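Here the structure comes first, spelled out in C-alpha cells, and everything after it is commentary.
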Amino acid sequence: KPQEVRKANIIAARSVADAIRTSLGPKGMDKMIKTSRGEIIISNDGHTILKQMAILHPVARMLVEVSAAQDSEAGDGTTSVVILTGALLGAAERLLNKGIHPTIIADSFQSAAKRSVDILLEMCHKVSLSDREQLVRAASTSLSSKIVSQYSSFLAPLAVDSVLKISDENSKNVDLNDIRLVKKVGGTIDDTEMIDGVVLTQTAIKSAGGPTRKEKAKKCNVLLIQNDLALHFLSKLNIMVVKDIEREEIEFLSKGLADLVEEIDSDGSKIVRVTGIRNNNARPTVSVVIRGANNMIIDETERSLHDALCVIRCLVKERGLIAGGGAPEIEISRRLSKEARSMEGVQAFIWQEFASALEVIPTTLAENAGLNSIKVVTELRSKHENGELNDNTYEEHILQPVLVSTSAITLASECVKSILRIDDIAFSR
Amino acid sequence: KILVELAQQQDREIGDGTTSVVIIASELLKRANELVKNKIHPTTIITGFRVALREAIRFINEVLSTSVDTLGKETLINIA
Amino acid sequence: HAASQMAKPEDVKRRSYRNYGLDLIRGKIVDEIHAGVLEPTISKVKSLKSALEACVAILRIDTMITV
Numbered sequence: 016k017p018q019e020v021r022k023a024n025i026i027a028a029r030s031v032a033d034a035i036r037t038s039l040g041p042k043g044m045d046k047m048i049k050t051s052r053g054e055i056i057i058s059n060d061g062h063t064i065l066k067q068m069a070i071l072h073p074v075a076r077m078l079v080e081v082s083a084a085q086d087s088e089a090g091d092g093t094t095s096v097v098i099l100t101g102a103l104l105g106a107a108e109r110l111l112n113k114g115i116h117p118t119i120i121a122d123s124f125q126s127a128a129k130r131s132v133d134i135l136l137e138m139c140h141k142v143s144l145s146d147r148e149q150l151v152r153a154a155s156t157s158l159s160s161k162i163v164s165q166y167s168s169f170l171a172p173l174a175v176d177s178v179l180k181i182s183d184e185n186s187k188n189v190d191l192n193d194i195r196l197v198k199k200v201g202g203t204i205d206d207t208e209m210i211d212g213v214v215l216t217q218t219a220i221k222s223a224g225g226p227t228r229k230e231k232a233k282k283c284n285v286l287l288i289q298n299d300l301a302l303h304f305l306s307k308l309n310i311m312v313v314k315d316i317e318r319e320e321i322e323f324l325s326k327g328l347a348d349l350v351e352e353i354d355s356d357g358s359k360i361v362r363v364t365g366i367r368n369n370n371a372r373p374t375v376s377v378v379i380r381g382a383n384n385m386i387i388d389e390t391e392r393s394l395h396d397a398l399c400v401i402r403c404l405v406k407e408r409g410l411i412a413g414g415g416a417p418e419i420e421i422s423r424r425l426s427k428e429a430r431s432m433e434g435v436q437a438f439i440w441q442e443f444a445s446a447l448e449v450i451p452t453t454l455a456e457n458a459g460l461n462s463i464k465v466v467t468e469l470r471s472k473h474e475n476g477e478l479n480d491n492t493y494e495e496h497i498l499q500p501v502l503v504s505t506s507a508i509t510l511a512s513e514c515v516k517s518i519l520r521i522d523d524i525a526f527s528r
Numbered sequence: 081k082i083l084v085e086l087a088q089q090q091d092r093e094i095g096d097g098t099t100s101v102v103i104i105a106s107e108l109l110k111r112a113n114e115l116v117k118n119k120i121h122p123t124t125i126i127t128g129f130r131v132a133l134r135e136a137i138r139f140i141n142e143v144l145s146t147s148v149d150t151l152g153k154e155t156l157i158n159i160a
Numbered sequence: 481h482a483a484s485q486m487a488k489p490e491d492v493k494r495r496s497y498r499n500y501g502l503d504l505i506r507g508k509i510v511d512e513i514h515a516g517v518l519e520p521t522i523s524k525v526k527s528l529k530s531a532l533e534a535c536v537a538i539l540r541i542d543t544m545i546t547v
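Residue numbers (PDB author numbering), protein chains in the order written: chain X, 16 to 233, 282 to 289, 298 to 328, 347 to 480, 491 to 528; chain V, 81 to 160; chain C, 481 to 547.
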C-alpha cells in the first residue's frame, strides 16, 4: 500500500494545521508547550510554536521550513500559511478516492497559484514609494498590536526614512538583516539617532590614553579586535582601538562597510558613530538604535519594528496594497468557481475544490473573533458582489500588503507539492 | 502555575487581598466550562469580561466617598 | 440592595439606604462604615483587574504539549 503510507502522513499534517488554526489572529487561542528542559513558554505566534514543538514527523517538518521562509520573505502570515497548506491536503483526500494521481493535483496548483496572483493584482491599487504619507500610516497600524501606542507616532517616520534611502528603483529583494536594531539600557522611545553610516554593538576604551575620537579614520587610525601595553603603544601614534567585538557582528560589518569618528553618549551608552562612508561597492547600511529603561521595553519594541520593516519590504519588492481580513479571498473563490467551466477533464474539478480551500482563512478569522462561523462567511459573498474592496476595513486602518497574500499562496503550492510527492520513507543512515 | 505568579503579584505591591483574588478566578473558570454545552465561544466570554470590567470601575467610582460622618456619628471609633 | 437601586437614579429616597454590609461577629446585617471595616479603593481595583488577567490566559489554552 504505497498510497496508504502517504495518507497516514496527511492525517498527521492536518492535525498540526488544526492546532495552529486556533492561534490565528490576535484573538486566537494560545498554545501551552512544555519543553523537555523545563522551560515553559506560551504565545500566539505560529513561528515560535512550530520552532519549539520539536516535531519528529518527517513530512510535518515541512511547515517549519515554509514558516521560516514566510518570515524571511514576506515577514507576515506564518500562521495563515499553515492553515492554507492544510486546506489543500483536506481537499486532496477526496481526490485520492476518485483515482486521481497526485501529479495532476500538484501540477494544477502551479496554474492555480499563478492565476490567483493575476486576479489579485486586478483589484489591488498600485502604489509608489515616492508617496511618504502612505508609508507612515502603513507602519503605524502594525504598532497598534503592542503596549506602545502614543509613543508609536515618532517610530513611524523612523522606519520609513530608512528604507526610502536604500530603496532606489527596481531593487527586487531587499535584505532586512543589514538593518540592525540596537538595544541598549537607558533612554526613552522618543530619543533615537539614525546614524545612516553604521552603528556598532560595543563601547570604547575606558582606560587612559585612548583618544576615543578621530577625524578622517579608516595609516590605520581605527582597528577592530575579535594587552594594556599595546594600548599605550598605539596611544602615542594616535590610533584608536576598539576591542571586544562580537563574533556575530563580524559577518555583519563585512557587508555594509570614515569622514568623522566620535563617541556620543546620550545617557550611559558610550557608543561610537560613523557617518559618510561613501563606498562605491558597499551601499548605505542603516542600523536603528532603540533606547529604553526597562528590559520589556526594548524587547517588545524590537519585534514590533521588525514586523513594520517586513510590511515595507513587501511594498518595495511588489507594489500595491490590499485590505486584510480575508476580503480578497472571497472574490477569488467566486471568480475561480465560474471560470472552472472553461477547463476540461480532471483538472477542471480541481479549480472547484481550490476555490473552497481559500475560504478557510476568512472563516477562521470569524471563528476566533467570537462571531458566528457560517453566518459571517455568507455576509462576505453578499456584500462583495456589488462593491469592490469596500468591506469597512479601510476606515478601521487595516492594510495587508499584497506580497504576503501572494507569498502565502506561492509557498503553499510548493509545500503541498513536496508532501504528495513522497510515496514512502525508509531508514537511511 | 499561573495562580502562583498571580499571588506573588499582589504581595509585592498591595500585600493584602491575595486570598480573595484566587477565589474569584476559580469561580470564573467553573462557570465558563458550563457554557461549552451552550455553544458559547471563548473569545466572546473574554470580550464580555473586558467590556464589563471597564464599565464596572465606572460604577464603583460613583459610590466612592471620602471619610464622612464625623459630626453626629462615629466611624474611626469602631475600627480600634 | 434590590430596593436600594430602584430610587437611586431618581435622586429621592425615604427608607432606601446604600452600603449594606455583613457583620459575622454579631450575626446581623449592618453598615460596614459604622461597623469599623473599611478598605482602600486601590486595593479593590487592582485585585479585581488582576483576577481577570489570569483567567483569560487559562481559557485561551486549548492544547497541552508535554514532552
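The beta-carbon is built from N, C-alpha and C at its ideal position, and this holds for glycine as well.
> In whole angstroms, what separates the C-alpha of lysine 314 of chain X from that of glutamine 289 of chain X?
Replying inline: As the crow flies, the alpha-carbon of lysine 314 of chain X is around 7 Å from that of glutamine 289 of chain X.
> What is the rounded straight-line gap between the Cα of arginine 29 of chain X and the Cα of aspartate 396 of chain X?
Replying inline: Rounded to whole angstroms, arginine 29 of chain X to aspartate 396 of chain X spans 28 Å at the Cα level.
> Alpha carbon to alpha carbon, what distance is there between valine 400 of chain X and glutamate 148 of chain X?
Replying inline: If you take the alpha carbons of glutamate 148 of chain X and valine 400 of chain X, they lie about 15 Å apart.
>> So, with DSSP's three-state summary, where would you put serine 471 of chain X?
In response: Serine 471 of chain X falls in the helix class under three-state DSSP.
> Quick one: which chain V residues come within Cβ less than 8 Å of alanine 458 of chain X?
Replying inline: Within chain V, the residues near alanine 458 of chain X are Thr123.
> What residues in the stretch 521 to 540 of chain C bring their beta carbon closer than 9 Å to a beta carbon of chain V?
Replying inline: Across the stretch 521 to 540 of chain C, CB contacts with chain V closer than 9 Å involve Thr521, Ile522, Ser523, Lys524, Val525, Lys526, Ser527, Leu528, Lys529, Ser530, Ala531, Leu532, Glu533, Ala534, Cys535, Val536, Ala537, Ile538, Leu539 and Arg540, in sequence order along the chain.
> For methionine 544 of chain C, does the three-state DSSP call read helix, strand or coil?
Replying inline: Correct three-state label for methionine 544 of chain C: strand.
> At a Cβ cut of 8 Å, what residues of the stretch 41 to 54 of chain X count as close to chain V, listed as they run along the chain?
Replying inline: Within the stretch 41 to 54 of chain X, contact with chain V at the beta-carbon level (separation under 8 Å) is assigned to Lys42 and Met44.
> Taking Cβ positions only, does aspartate 542 of chain C come closer than 8 Å to chain X?
Replying inline: For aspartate 542 of chain C, the answer is yes, since a Cβ of chain X falls inside 8 Å of its Cβ.
> DSSP state of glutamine 499 of chain X, grouped into three classes?
Replying inline: Correct three-state label for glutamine 499 of chain X: strand.
> Are there three or more Cβ pairs, one per stretch, closer than 8 Å when the stretch 137 to 156 of chain V is compared with the stretch 502 to 510 of chain C?
Replying inline: With a cut-off of 8 Å on Cβ pairs, the stretch 137 to 156 of chain V is not in contact with the stretch 502 to 510 of chain C, counting fewer than three such pairs.
> Within this structure, are the beta carbons of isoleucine 379 of chain X and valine 151 of chain X separated by less than 8 Å?
Replying inline: It is not a contact, given that the beta carbons lie outside the stated cut-off.
> For chain V, is any of its Cβ atoms less than 8 Å away from the one on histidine 514 of chain C?
Replying inline: For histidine 514 of chain C, the nearest beta carbon of chain V is closer than 8 Å to its own beta carbon.
> Under the DSSP definition of a beta bridge, which residues are partnered with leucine 394 of chain X?
Replying inline: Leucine 394 of chain X is not bridged to any residue.
>> Given a cut-off of 8 Å on the beta-carbon distance, is the pair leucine 519 of chain X and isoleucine 57 of chain X in contact?
In response: Result no, Cβ atoms of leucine 519 of chain X and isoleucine 57 of chain X do not sit closer than 8 Å.
> Counting pairs of Cβ atoms below 8 Å between the stretch 458 to 478 of chain X and the stretch 123 to 130 of chain V, do you hit three or more?
Replying inline: They touch, by the three-pair rule.
> Taking the C-alpha atoms as reference points, what is the distance between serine 358 of chain X and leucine 86 of chain V?
Replying inline: Using only the alpha carbons, I get a separation of about 35 Å.
> To the nearest whole angstrom, what separates the beta carbons of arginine 402 of chain X and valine 214 of chain X, a pair I think is in contact under 8 Å?
Replying inline: Your pair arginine 402 of chain X and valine 214 of chain X does not check out as a contact, with CB atoms roughly 20 Å apart and the cut at 8 Å.
> Quick one: which chain X residues come within Cβ less than 8 Å of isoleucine 505 of chain C?
Replying inline: Residues of chain X passing the Cβ test: none, with the nearest at roughly 44 Å.
> Cβ atoms of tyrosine 497 of chain C and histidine 481 of chain C: under 8 Å apart, would you say?
Replying inline: One thing to note: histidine 481 of chain C has its Cβ no nearer than 8 Å to the Cβ of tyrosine 497 of chain C.
> In terms of alpha-carbon separation, which member of X:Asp146, X:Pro17 and X:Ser155 lies closest to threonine 390 of chain X?
Replying inline: Cα-wise, what sits closest to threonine 390 of chain X is X:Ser155.
> What does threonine 127 of chain V touch in chain X if you count any residue whose Cβ is under 9 Å from its own?
Replying inline: Under the 9 Å cutoff, chain X gives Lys42, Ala458 and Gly459.
> Quick one: Cα of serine 159 of chain X to Cα of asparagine 158 of chain V, how far?
Replying inline: Going from the Cα of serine 159 of chain X to the Cα of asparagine 158 of chain V covers about 51 Å.
>> Taking beta-carbon pairs under 8 Å, can you tell me which members of the stretch 63 to 76 of chain X lie near chain C?
In response: So the list reads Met68 and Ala69, given in the order they occur along the chain.
> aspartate 91 of chain X: buried (16+ other C-beta within 10 angstroms of its C-beta) or exposed?
Replying inline: Looking at its Cβ environment, which holds 16 or more other Cβ atoms inside 10 Å, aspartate 91 of chain X is buried.
> In terms of residues, what are the limits of the beta strand (DSSP E) holding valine 377 of chain X?
Replying inline: From DSSP, the beta strand (DSSP E) with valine 377 of chain X extends over 377 to 381.
>> Quick check on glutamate 494 of chain X: does DSSP put it in helix, strand or coil?
In response: Three-state result, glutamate 494 of chain X: coil.
> Can you tell me where the beta strand (DSSP E) with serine 58 of chain X in it begins and where it stops?
Replying inline: That run of the beta strand (DSSP E) goes 55 to 58.
>> Per DSSP, what are the beta-bridge partners of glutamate 352 of chain X in this structure?
In response: The partner list for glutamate 352 of chain X (beta bridge, DSSP) reads X:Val361.
> Under the rule that 16 or more other beta-carbon atoms within 10 Å means buried, what is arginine 195 of chain X, buried or exposed?
Replying inline: Buried: at least 16 other Cβ atoms inside 10 Å.
> In the stretch 118 to 159 of chain X, which residue ranges form an unbroken alpha helix (DSSP H) of at least 4 residues, counting only runs that do not cross its ends?
Replying inline: The qualifying runs are 147 to 157.
> Do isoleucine 210 of chain X and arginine 362 of chain X have their C-beta atoms closer together than 8 Å?
Replying inline: Going by C-beta atoms, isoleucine 210 of chain X is nearer than 8 Å to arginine 362 of chain X.
> How would you list, in chain order, the residues of chain C whose beta-carbon sits under 7 Å from the beta-carbon of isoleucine 104 of chain V?
Replying inline: Chain-ordered, the chain C residues with CB closer than 7 Å to the CB of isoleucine 104 of chain V read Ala531.
>> Please classify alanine 107 of chain X as buried or exposed, where buried requires at least 16 other C-beta atoms within 10 Å of its C-beta.
In response: Counting the other Cβ atoms within 10 Å of the Cβ of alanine 107 of chain X gives 16 or more, which makes it buried.
>> Just list the residues that DSSP pairs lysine 117 of chain V with in beta bridges.
In response: Residue pairing by DSSP leaves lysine 117 of chain V without any beta bridge partner.
>> With three or more beta-carbon pairs closer than 8 Å as the criterion, would you say the stretch 107 to 118 of chain X touches the stretch 415 to 423 of chain X?
In response: With a cut-off of 8 Å, the stretch 415 to 423 of chain X and the stretch 107 to 118 of chain X do not count as touching, because too few Cβ pairs lie within range.
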